[PDB]
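Working notes for the structure below.
What is reported rests on the model, the rules as stated and the sources as named; these are not laboratory values. FYI the Cβ positions are ideal-geometry reconstructions off the backbone, even for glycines, and counts take in every protein chain you see.
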Amino acid sequence: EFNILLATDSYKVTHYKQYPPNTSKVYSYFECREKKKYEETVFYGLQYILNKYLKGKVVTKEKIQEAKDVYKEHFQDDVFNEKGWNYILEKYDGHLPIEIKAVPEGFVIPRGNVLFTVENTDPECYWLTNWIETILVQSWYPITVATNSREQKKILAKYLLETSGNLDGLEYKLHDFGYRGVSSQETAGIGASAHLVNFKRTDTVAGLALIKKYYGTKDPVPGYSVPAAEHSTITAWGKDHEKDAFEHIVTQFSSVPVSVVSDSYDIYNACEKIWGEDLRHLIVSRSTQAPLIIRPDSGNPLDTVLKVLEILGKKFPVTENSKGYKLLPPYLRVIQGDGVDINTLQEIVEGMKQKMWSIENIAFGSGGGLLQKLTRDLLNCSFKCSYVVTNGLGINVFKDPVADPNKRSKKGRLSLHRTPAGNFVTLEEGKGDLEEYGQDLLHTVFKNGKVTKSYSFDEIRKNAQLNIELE
Amino acid sequence: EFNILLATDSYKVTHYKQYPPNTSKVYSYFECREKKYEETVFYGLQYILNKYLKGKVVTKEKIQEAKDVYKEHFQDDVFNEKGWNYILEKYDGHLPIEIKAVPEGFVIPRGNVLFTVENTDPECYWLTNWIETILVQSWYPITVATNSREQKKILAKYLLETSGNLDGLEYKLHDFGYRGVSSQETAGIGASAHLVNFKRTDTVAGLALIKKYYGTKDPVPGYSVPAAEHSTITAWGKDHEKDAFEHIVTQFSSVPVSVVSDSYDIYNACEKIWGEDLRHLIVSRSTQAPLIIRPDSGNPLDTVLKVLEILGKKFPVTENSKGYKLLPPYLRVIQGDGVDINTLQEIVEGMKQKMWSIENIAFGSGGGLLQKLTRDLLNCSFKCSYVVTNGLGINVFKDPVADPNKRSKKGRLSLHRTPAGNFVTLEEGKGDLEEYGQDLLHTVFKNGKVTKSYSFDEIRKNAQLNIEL
Ligand SMILES: O=C(/C=C/c1cccnc1)NCCCCC1CCN(C(=O)c2ccccc2)CC1
Ligand SMILES: O=C(/C=C/c1cccnc1)NCCCCC1CCN(C(=O)c2ccccc2)CC1
């Protein structure tokens with residue numbers, strides 16, 4: 001069973017001996033710190049952490065003793081605030097005397113703004129605010145996946161609008177293939193859920209149960225999949241029987257969309273001769289609601305996409321749409337799901353545009369790039385103390401390292417506001433109290449062991465919409 | 001609760017309908033495919049077998065849940081309810097799978113078979129690749145362990161060169177990665193992988209994983225040290241940094257303590273606060289309880305070098321037997337910002353050029369150690385190599401025309417020692433020719449049971465550096 005006393009950076013066990021004596025309040029905040037582009041971030045995932053790990057009776061006698069026993073050996077020393085944890089157990093029935101205020105989930109906020117704040121609600125528990133830094137900072141991951149996924153949606157929207165005149169099907173154009181490429185089962189659920197903030201297609205099934213339990217949707221499920229082959233279901237037929245494999249698979253899935261990985265031996269042969277000639281009659285007969293989707297999976301991603309489109313365009317009836325771009329027949333599409341990240345996605349769609357191929361023709365799968373190849377420094381997600389009360393006097397505190405101004409933190413009590421022009425601003429030094437800037441956009445989401453304000457996944461999706469979708 | 005029927009890539013739900021009719025066996029293998037990182041540490045499969053694959057993993061309720069979810073997820077009924085029911089009824093929900101693997105902690109060159117998977121009941125031909133997704137997640141502990149060991153090699157080389165020995169090596173790279181990983185579960189897994197090579201970690205989650213799944217003779221596999229963070233310095237107020245420092249070193253007067261010193265001005269902190277105002281509180285400390293000064297910003301090499309130059313003029317420096325400079329034993333440095341395998345190399349080489357012993361310093365690494373890694377780094381990959389259809393075995397493989405690096409191995413595989421004592425993987429069942437001695441893979445899982453396992457102490461032994469041995 002999870003033990004919050006064993007869920008912090010080891011050194012934090014020692015911090016109750018380090019704060020100034022007579023400190024009754026430690027107040028800290030989280031931001032995606034600005035860096036001298038990812039200019040705005042999607043706030044998502046705190047609600048998961050609050051419910052799974054922080055709410056309710058999280059301290060017990062047994063948990064205190066287990067931590068005491070572990071830390072004794074881990075430090076080869078007795079440092080450990082047994083009395084402080086005892087206090088929470090006795091006085092609050094093991095509920096954390098902490099108040100957390102946050103911007104609503106799904107909100108899209110520029111870099112360098114306060115996203116949430118954390119403070120103790122009992123003077124005895126001044127040490128607790130930063131104890132939970134470690135667990136709360138892991139919110140970096142769903143924030144960063146959701147943000148990077150949204151930035152890819154923006155690229156897709158731009159090019160789809162340019163080459164087709166509308167955004168039909170945008171939400172299906174980036175498909176999560178990342179389950180095997182993430183570091184754990186828990187990470188898979190969290191990351192998949194964050195991608196679904198922006199899109200509707202995923203093979204990372206773990207995201208579904210996460211969303212159902214912690215957020216919820218009106219619809220039965222938040223994400224969808226489609227039948228598809230893997231190399232094993234092709235190669236198992238034998239090298240001389242690739243066509244037999246293709247024929248069997250498209251016939252098994254004759255009335256639903258089906259993707260068939262076509263690069264086991266020679267992608268270009270498969271497109272030109274197997275799909276384009278030998279099995280063409282099984283493809284041109286298909287429904288618009290049940291296309292064949294050809295899936296390359298190797299080679300230079302742009303070069304391969306372009307050559308695949310070139311081959312198909314000569315074997316199948318191509319039209320030119322109202323924008324002047326080439327369009328495959330509706331029973332045939334392509335998905336590129338190898339080596340796709342935000343940079344290569346851009347290169348591919350721009351390449352297609354230059355060769356006059358509509359983005360209607362293609363969708364993308366992304367695995368490692370979408371869910372794993374991300375770190376906490378991408379958006380500089382960071383948690384810092386900005387205000388303490390010592391001997392009954394509040395003081396505004398901060399770091400400001402001489403050699404790195406980018407690491408300077410904010411001072412004092414903070415609030416987030418709309419500007420007169422409709423943008424965002426973070427007020428420092430308790431200045432929000434002057435009420436010159438309308439209401440604080442941070443809301444209490446956690447107080448004294450209870451989750452006080454929750455968002456459905458539908459609300460989050462609405463909050464994270466692109467401007468172009470709004471238009 | 002975990003449900004293995006909902007723990008695969010969605011498209012694999014549809015694969016039972018795509019294999020050749022009358023297929024009775026699907027046999028697959030995992031390798032770190034050949035294309036830096038010439039050899040990999042095999043670690044973490046045992047965690048997966050015990051936590052997710054062993055025992056009764058199918059129930060009626062689990063089957064109904066998955067059926068209900070997939071109906072909505074596909075907007076269609078494609079789920080193999082019959083196949084999962086067969087496992088439940090015939091085997092009391094235990095997986096009819098056999099997995100063979102190299103021993104954990106083993107250090108093996110790229111492009112070798114590390115484990116194999118096959119069904120033990122013809123009805124369950126589809127099950128081999130159902131569990132691809134979970135098993136392939138072993139990439140992460142393999143990669144963390146491997147990259148951590150590569151850093152130990154660097155530290156070993158330079159500590160040996162600058163000091164003449166390896167004393168303390170296992171304390172020189174400290175895991176700071178807990179906040180920087182993607183989840184609690186990842187934290188435990190990755191921290192445990194670093195502990196294959198080192199003994200210091202602030203990622204507490206790894207201790208419990210190791211105790212539950214591997215075990216050590218010692219009470220715990222990893223250790224920590226008291227240390228400040230910016231909040232315990234800055235809370236004192238900007239004009240009271242000296243007060244914070246004094247309080248902290250006085251509270252921790254008889255144990256090692258690290259104190260982050262760059263809140264406002266690292267160079268001032270070192271030269272004036274530690275080097276002058278509080279010097280008397282440092283030179284009185286025990287060799288068993290040094291002050292460790294922690295910079296945390298600026299260019300990592302430049303800042304380490306300047307910090308060392310400052311301390312060397314404020315404190316008595318000696319020259320060790322190798323000709324390198326050494327701080328007094330009550331004073332050390334830890335650099336824990338921006339450290340990855342590349343910057344680690346740059347720092348120690350820069351220290352060596354300026355005649356500073358590696359004895360003076362340790363490294364903390366967070367995102368670099370536990371998060372900034374992908375499955376592409378070692379090309380960790382699972383592929384089918386052998387099938388039996390209509391009673392005939394067939395060697396199968398992929399070999400994409402545009403990328404020879406993605407070519408996979410053919411047929412039944414085995415791992416052997418060569419005459420020179422190296423590893424070789426034999427394909428096409430050739431291990432059965434008995435020209436290369438015994439298969440080095442062992443059966444680790446069979447029909448719901450873990451059949452062979454390793455303590456964390458043995459894993460550490462297997463993962464030792466040549467220089468250590
Ligand atoms: O190939 C796999 C999964 C592979 C996988 C999974 C997991 C791990 N590793 C690999 N899944 C098949 C997805 C095919 C979906 C198609 C794409 C083309 N398409 C559009 O572009 C579109 C047309 C009209 C409107 C909107 C979009 C129509 C829908
Ligand atoms: O500063 C932190 C943690 C900060 C943190 C944690 C978590 C997250 N984010 C930040 N931990 C302090 C560790 C200090 C250990 C010292 C290093 C110097 N040293 C040697 O080099 C050595 C000398 C002789 C023999 C062997 C080694 C002696 C041991």
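Looking at A:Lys326, A:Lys307, which is the one that is more than 30 Å from the chain's Cα centre (by Cα), closer than 23 Å to B:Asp403 by Cβ and away from ligand 2 (no atom under 16 Å from the Cβ)?
A:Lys307
In region A:1-48, what residues are facing another protein chain (nearest Cβ under 8 Å) and of a type in the set (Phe, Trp, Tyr)?
A:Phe2, A:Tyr11, A:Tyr19
Tally time: how many residues in region B:395-427 are within 14 Å of another protein chain (Cβ to nearest Cβ) and more than 25 Å from A:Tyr268 (Cα to Cα)?
1
May I ask you to list the residues in region B:174-195 that are touching an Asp or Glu at 6+ places or on another chain (Cβ under 9 Å) and either within 16 Å of ligand 1 (Cβ to nearest atom) or in a loop (DSSP other than H, G, I, E, B) (or both)?
Correct list: B:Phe176, B:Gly177, B:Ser182, B:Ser183, B:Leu195.
Of the residues A:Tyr16, A:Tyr44, which single one is part of a loop (DSSP other than H, G, I, E, B) and away from ligand 1 (no atom under 16 Å from the Cβ)?
Only one candidate qualifies: A:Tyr44.
Quick grid of which residues meet (1) farther than 16 Å from B:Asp76 by Cβ; (2) crowded, with 16+ Cβ neighbours inside 10 Å; (3) out of contact with any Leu (no Cβ under 6 Å at 6 or more places or on another chain):
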site: A:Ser254; (1), (2), (3): no, no, yes
site: A:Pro257; (1), (2), (3): no, yes, yes
site: A:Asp263; (1), (2), (3): yes, yes, yes
site: A:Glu272; (1), (2), (3): yes, yes, yes
site: A:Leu279; (1), (2), (3): yes, yes, yes
site: A:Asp297; (1), (2), (3): yes, yes, yes
site: A:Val305; (1), (2), (3): yes, yes, yes
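State all residues of region B:159-182 that are surrounded by 19 or more Cβ atoms within 10 Å (Cβ to Cβ), more than 11 Å from ligand 2 (Cβ to nearest atom) and away from chain A (no Cβ under 14 Å); if no residue qualifies, say none.
Hit for region B:159-182 is B:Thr162, nothing else.
Here are the criteria: (1) of a type in the set (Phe, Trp, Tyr); (2) within 30 Å of A:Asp338 (Cα to Cα); (3) touching a strand residue (DSSP E or B) at 6+ places or on another chain (Cβ under 7 Å); (4) buried (at least 18 other Cβ atoms within 10 Å of the Cβ). Tell me which single one A:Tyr141 does not satisfy.
In the conditions (1) of a type in the set (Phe, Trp, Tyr); (2) within 30 Å of A:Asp338 (Cα to Cα); (3) touching a strand residue (DSSP E or B) at 6+ places or on another chain (Cβ under 7 Å); (4) buried (at least 18 other Cβ atoms within 10 Å of the Cβ), A:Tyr141 misses (3) alone.
As an exercise: evaluate A:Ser232 against (1) facing chain B (nearest Cβ under 8 Å); (2) not in a helix (DSSP H, G or I) and give the number of the one condition it does not meet.
(2)
Does A:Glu119 satisfy the condition of being under 17 Å from B:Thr232 (Cβ atoms), more than 16 Å from the chain's Cα centre (by Cα) and not assigned by CATH to the domain that holds A:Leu210?
Spelling it out, A:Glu119 is indeed under 17 Å from B:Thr232 (Cβ atoms), more than 16 Å from the chain's Cα centre (by Cα) and not assigned by CATH to the domain that holds A:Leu210.
Within region B:329-343, take every residue that is assigned to a loop (DSSP other than H, G, I, E, B) and buried (at least 16 other Cβ atoms within 10 Å of the Cβ) and give me the one that is nearest to ligand 2 (Cβ to nearest atom).
B:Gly336
What about B:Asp243, is it more than 16 Å from ligand 2 (Cβ to nearest atom), closer than 21 Å to B:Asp296 by Cβ and acidic (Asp, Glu)?
Against the criterion (more than 16 Å from ligand 2 (Cβ to nearest atom), closer than 21 Å to B:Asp296 by Cβ and acidic (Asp, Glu)), B:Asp243 qualifies.
Which one is nearest to ligand 2 (Cβ to nearest atom) among residues in region A:281-295 that are of a type in the set (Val, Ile, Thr) and loosely packed, with under 15 Cβ neighbours inside 10 Å?
Per the criteria, the residue is A:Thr288.
Starting from residues that are of a type in the set (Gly, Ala, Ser) and closer than 12 Å to B:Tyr29 by Cβ, keep the ones in region B:376-410 and report whichever is farthest from the chain's Cα centre (by Cα).
Result: B:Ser385.
Just one of A:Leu210, A:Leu174 is assigned by CATH to the domain that holds A:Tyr159, touching a helix residue (DSSP H, G or I) at 6+ places or on another chain (Cβ under 8 Å) and more than 22 Å from A:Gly337 (Cβ to Cβ); which is it?
A:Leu210
Within region A:207-226, is there a residue that is among the hydrophobic types (A, V, I, L, M, F, W, C), surrounded by fewer than 24 Cβ atoms within 10 Å (Cβ to Cβ), at the interface with chain B (Cβ under 8 Å from one of its Cβ atoms) and not in a loop (DSSP other than H, G, I, E, B)?
Within region A:207-226, one or more residues are among the hydrophobic types (A, V, I, L, M, F, W, C), surrounded by fewer than 24 Cβ atoms within 10 Å (Cβ to Cβ), at the interface with chain B (Cβ under 8 Å from one of its Cβ atoms) and not in a loop (DSSP other than H, G, I, E, B).
Consider B:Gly215 carefully, then state whether it is more than 16 Å from ligand 1 (Cβ to nearest atom), on the phi > 0 side of the Ramachandran plot and out of contact with any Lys or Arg (no Cβ under 7 Å at 6 or more places or on another chain).
Judged against the criteria, B:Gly215 is a match.
I need the full set of residues from region A:335-377 which are within 10 Å of chain B (Cβ to nearest Cβ) and of a type in the set (A, V, I, L, M), in order please.
A:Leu371, A:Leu374
Which of the residues that make up region A:17-39 are of a type outside the set (S, T, N, Q) and buried (at least 18 other Cβ atoms within 10 Å of the Cβ)?
The answer is A:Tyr19, A:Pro20, A:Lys25, A:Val26, A:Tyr27, A:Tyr29, A:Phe30, A:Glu31, A:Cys32, A:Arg33.
Which residues, taken from region A:353-370, are assigned to a helix (DSSP H, G or I), away from ligand 1 (no atom under 12 Å from the Cβ) and surrounded by 23 or more Cβ atoms within 10 Å (Cβ to Cβ)?
Across region A:353-370, the qualifying residue is only A:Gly369.
Yes or no, residue by residue, for (1) of a type outside the set (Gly, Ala, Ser); (2) surrounded by 19 or more Cβ atoms within 10 Å (Cβ to Cβ):
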position: A:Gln372; (1), (2): yes, yes
position: A:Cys381; (1), (2): yes, yes
position: A:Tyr387; (1), (2): yes, yes
position: A:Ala403; (1), (2): no, no
position: A:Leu416; (1), (2): yes, yes
position: A:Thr426; (1), (2): yes, yes
position: A:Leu442; (1), (2): yes, yes
position: A:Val451; (1), (2): yes, no
position: A:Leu470; (1), (2): yes, no
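Got at least one residue in region B:67-81 being within 16 Å of ligand 1 (Cβ to nearest atom), closer than 21 Å to A:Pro220 by Cα, touching a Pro at 6+ places or on another chain (Cβ under 6 Å) and among the polar types (S, T, N, Q)?
no
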